[PDB]
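Basis for what follows: all heavy atoms, side chains included, without hydrogens, waters or symmetry-related copies. In what follows, chains carry the letters A, B, and so on, assigned in the order in which the sequence lines appear, proteins first and then strands, with residues in each chain numbered from 1.
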Amino acid sequence: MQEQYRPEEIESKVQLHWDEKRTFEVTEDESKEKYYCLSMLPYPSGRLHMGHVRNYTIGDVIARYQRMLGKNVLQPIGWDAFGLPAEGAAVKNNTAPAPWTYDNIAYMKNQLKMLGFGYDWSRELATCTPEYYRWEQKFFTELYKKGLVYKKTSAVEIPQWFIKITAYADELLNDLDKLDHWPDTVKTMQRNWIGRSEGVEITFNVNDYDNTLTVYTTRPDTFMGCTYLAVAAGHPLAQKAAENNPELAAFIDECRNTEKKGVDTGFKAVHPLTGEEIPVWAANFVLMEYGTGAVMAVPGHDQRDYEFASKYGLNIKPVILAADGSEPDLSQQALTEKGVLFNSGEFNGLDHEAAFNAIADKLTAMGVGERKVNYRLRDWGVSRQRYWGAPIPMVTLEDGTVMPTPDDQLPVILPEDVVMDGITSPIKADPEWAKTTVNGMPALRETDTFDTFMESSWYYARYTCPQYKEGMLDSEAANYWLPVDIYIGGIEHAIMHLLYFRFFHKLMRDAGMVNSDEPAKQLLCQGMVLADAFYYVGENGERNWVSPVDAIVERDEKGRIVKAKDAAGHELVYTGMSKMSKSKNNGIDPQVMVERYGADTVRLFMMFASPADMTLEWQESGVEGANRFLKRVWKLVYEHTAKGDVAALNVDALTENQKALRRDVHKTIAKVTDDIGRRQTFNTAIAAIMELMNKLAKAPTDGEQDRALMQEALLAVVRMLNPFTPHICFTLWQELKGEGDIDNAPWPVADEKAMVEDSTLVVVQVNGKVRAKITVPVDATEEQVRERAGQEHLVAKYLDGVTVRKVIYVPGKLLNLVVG
RNA sequence: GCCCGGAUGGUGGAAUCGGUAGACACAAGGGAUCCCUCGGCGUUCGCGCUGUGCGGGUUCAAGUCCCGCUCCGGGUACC
Ligand SMILES: [Mg+2]
Ligand SMILES: [Mg+2]
């Protein structure tokens, strides 16, 4: 062995072994239990950030641990490669988006390798390649024929392609119930986003108006509180009035260049229950796109109605009682909560549910109302007027009929050799590209490209069979691996990507491509990486943000930054730990850290400093501790193997000291296993390993037996540490002369017999307060425990002239003397 | 507003089952890369008092469980 740990001498050698042996490449093997461990695929922006490194370290820890458990593990990697940032960059550089992207892919890929992430590289995908995106093109045309795709003019205002996600709203909603291993926060977020609403539509007569007006409400129980109606600016009635109302016309237009504003239509509606005439306004807070584009305003009870009403001097009216039985104070604001009705005629004293239903029945029966479900979820807009994305496989024939691009004209290849006049898509500015021909007779092909959410909605499934032509998926491959066992990414994608891929999975199931309802069993959302942030105020009053690496802090009595400076000698203020930014200038580059300390150090810190799902505060000094630890592990292994082979261990003959140490070894194995496998508290896992290593370094290494126990302990630690720091462990495994490559060594299992105790610790309380800890035989009787607790001066002096009233005893744990 | 966390040393945090609080690490500081000290106050060095945001409550026993309070963090809404 070499005396120095030198990651530079070890990491690339091990990495190259992994490529040469294709260690992490896997097939669909039915004799083994599968495990699919998936991290969210990176966008090739140019270089990895600390988010990626934390995300992929977590995945890799799991993937490696699961392999050592004897499972067949898929850990795939890929590139979500279309998108906007390349178009602006092709521009700011000489280049085109494709070559820029491929350059970025190559560079980041080399970074992922230097971190020793054990991916199956034979499954690598880059989504901007025809070999990938042809398949979403083919699937689009299929979805079209299914009745799930349509074209529509709509606001953002332009013609767009939509996929009908609303057709699966109730499945997307109900199936949240099957996802116990998704975090609540994410689930709630998809509920809210779907926004399933049970309500009542209520139609009014209007006075000098030859139609009726319908509103949608979720609170029909408050109907008697309705003092006016609000209609969206795009409402037919508001546009009607606006012909003879110059001021209204102004408003139907000020609602584009975008807190309450409105204009009176002049129209009076007739409330159906009261006969009372009420005013219709156009209001800026009424969505034309949801419900009916109009509301019954109840300002006593909805906050937006309240603010609109008191700003335009409209009647506010209380109709729901206070929580406590009393009439409510509406002087400040709307009273929001459901409660008992008053001020509502025949409906007085009814509570929310009984009232909802009484007032709906009555209105249904007068023929001016009906129950109604609405959804906040709108259909998914998939077209972009952008160049860098998959072309949309649709065609307009010269006669005017739209249809899918024919199967023999697929894939519709987007061309990569282009010049950017960076403001028109090269496939738009040249009028030849659009030109094509179907069945003879000329045709114009679509020029919009896919929303980039389109590639990231199905990649996880394509990883199962990435080289399969003949189909989007190989169903036997896909069904072997799916569903994903753990999916690891940020919580920010909750109602975008996390929703699209569930929807797409069900799309693929319904085309007979997969046989399961949901794509992923567990979602783990890893916290943010934060760094320290500093700034000085310049002569001009402007805040200049200084990188904490450039910061020079000065502690105090006890640690505590009391004053800091940069090299220019500016006075810095410390704002704490915060999200990493360009604004705040506090980004840490993982490449610098990987090259400073080695990857194992960087990984070990990332996994140690904080639980997967809590924020992680980057510290250089914590990183350096992780580095020093690896050196202490290296040293111990070196001093040990320097002495050569060991005799076989003899378990029956060990000292009480030797037995205690061996028991710490196997208890650690048990705790580390539980913490990684079941709890997923990787930081406490690592802490147990360190705790154990501190004890090992202090143990004797001279006798045949001491040395054999060390051999065992080291072989166990090196495996336990391997999912976090594979390069150093792979190496030390060899040095210790373990069987084969560490990547296929079995996860250590704790030996039940080694964990048995001969003695135990019993805490003695006197009236509930500790006064001693005693070591008694493991099987001492209660009487023996009381007698020995008594012999302890530390106890016996809280038993002087005072008498034991009763005693509480938990076998082998606690004796509580109640006194006295 | 709403949902969701959290509060324990100088800092980051542990404590799963109510029963040895503060593991592990950093920051120290100090001593000839490591062994050590390290919650606060006092010490005769064995401990003693005190202590997990503030009020209660249950319990022989609360960081842990229940009821208020006060604070902090991060998401999010004219649906
Ligand atoms: Mg934890
Ligand atoms: Mg406990």
Side-chain angles (χ1 to χ4, degrees), chain A residues 183-189 191-197 199 216 218 230 232 259-260 283-291 293 295 302-305 307-308 333-334 336 374-378 491-492 494-495 527-528 530 553 555-561 576-579 604-605 608-611 613-626 628-629 631-632 635 671 674-675 678-679 681 683-694 697-698 761-774 793-794 797 805-810 813-819:
Chain A
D184 285 325
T185 291
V186 176
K187 285 198 275 196
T188 300
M189 284 186 271
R191 306 216 159 74
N192 291 348
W193 185 262
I194 300 161
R196 188 189 192 266
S197 180
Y216 171 72
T218 60
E259 213 20 303
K260 317 290 143 64
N284 77 325
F285 71 94
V286 186
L287 301 145
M288 180 70 230
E289 311 84 41
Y290 180 83
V295 311
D302 171 72
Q303 193 53 25
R304 324 106 82 195
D305 298 334
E307 299 173 29
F308 190 93
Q333 72 180 219
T336 263
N374 272 313
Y375 291 90
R376 185 185 154 107
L377 187 64
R378 290 121 177 206
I491 200 159
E492 60 263 30
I495 52 195
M528 309 218 85
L530 324 165
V553 299
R555 276 103 206 8
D556 94 305
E557 288 278 46
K558 55 208 302 207
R560 195 267 156 173
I561 295 99
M577 295 269 342
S578 28
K579 209 205 143 162
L604 187 61
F605 183 76
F608 176 67
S610 179
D613 60 7
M614 286 326 156
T615 73
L616 173 141
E617 306 198 347
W618 187 267
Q619 296 300 8
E620 197 92 63
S621 46
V623 179
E624 246 144 23
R628 290 190 302 269
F629 173 67
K631 283 177 217 163
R632 295 185 314 259
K635 190 177 175 232
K671 186 195 291 101
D674 199 53
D675 279 20
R678 177 193 68 93
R679 301 177 83 220
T681 52
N683 62 307
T684 55
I686 290 157
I689 303 174
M690 284 158 158
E691 207 175 306
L692 171 55
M693 276 293 308
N694 302 341
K698 280 178 222 222
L761 192 66
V762 190
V763 179
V764 187
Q765 301 161 172
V766 186
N767 305 278
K769 283 168 306 132
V770 175
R771 292 297 138 124
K773 312 180 266 278
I774 48 162
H793 187 235
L794 326 163
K797 84 215 216 90
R805 295 185 144 31
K806 55 190 194 181
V807 188
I808 312 271
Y809 178 64
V810 189
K813 193 143 135 206
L814 174 113
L815 175 78
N816 181 17
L817 294 163
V818 173
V819 135

Next item on the list: Could you check whether A/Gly291 gets within reach of a base, just the sugar-phosphate, or nothing at all, counting any heavy atom under 4.0 Å?
Entry: nothing

Please write out the pairs of protein N or O atoms and N or O atoms of nucleotides 47-51 of chain B separated by less than 3.5 Å, giving the distance to one decimal.
from	atom 1	to	atom 2	distance (Å)
B/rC49	OP1	A/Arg771	NH1	3.2

Margin query: I need a per-nucleotide contact map over nucleotides 32-45 of chain B, read 5' to 3'. Cutoff is protein heavy atoms under 4.0 Å; write B for the base, S for backbone only, - otherwise.
Written below: -SSSS---------

Item checked: Sugar-phosphate only, base, or nothing, as touched by A/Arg678 at under 4.0 Å among non-hydrogen atoms -> base

Item checked: Nucleotide pairing, RNA chain B (Watson-Crick or G-U, distances under 3.5 Å), in dot-bracket with [ ] and | -> (((((((..(((......[....))).(..(...).).((.(....).))...((((..]....)))).)))))))...

Check: CE of A/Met614 versus P of B/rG13: gap in Å, rounded?
Finding: 9 Å

Item checked: Per A/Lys671 side chain, nearest of listed nucleotides B/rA14, B/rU16, B/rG12 -> B/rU16

Notebook entry, point to check: Looking for any heavy atom pair under 4.0 Å, which part of the strands does A/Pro183 touch: base, sugar-phosphate only, or nothing?
Noted result: nothing

Item checked: Nearest-nucleotide pick for A/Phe608, side chain only, options being B/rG10, B/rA23, B/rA25 -> B/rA25

Check: With sequence neighbours excluded, what pairs up with A/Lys187 under the salt bridge (charged side-chain N to carboxylate O under 4.0 Å, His left out) test?
Finding: none

Margin query: Checking contacts here: which listed nucleotide (B/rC17, B/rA27, B/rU20) is nearest the side-chain heavy atoms of A/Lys773?
Written below: B/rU20

Next item on the list: Take A/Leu761 and A/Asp184, find for each the nucleotide of RNA chain B with the closest heavy atom, and name the residue whose nucleotide sits nearer the 5' end.
Entry: A/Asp184

Item checked: Base-contact (B) and sugar-phosphate-only (S) positions in nucleotides 72-79 of chain B, heavy-atom cut-off under 4.0 Å, - elsewhere -> ---S-SBB

Note to self: Measuring from the side chain of A/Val810 (C-beta onward, heavy atoms only), which nucleotide among B/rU16, B/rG19, B/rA27 has the closest atom?
What the structure shows: B/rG19

Next item on the list: To the nearest 0.5 Å, tell me how far A/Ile491 CD1 sits from A/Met189 CE.
Entry: 4.0 Å

Check: For nucleotides 56-62 of chain B, read 5' to 3', which letter fits each nucleotide if B means a protein heavy atom sits under 4.0 Å from the base, S means only the sugar-phosphate is that close, and - means neither?
Finding: ----B--

Note to self: Here's a test of your reading of the structure: between A/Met690 and A/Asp675, which maps to the more 5' nucleotide of RNA chain B?
What the structure shows: A/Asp675

Margin query: Measuring from atom CD of A/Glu691 to atom CD1 of A/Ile686, what distance do you get when rounded to the nearest 0.5 angstrom?
Written below: 14.0 Å

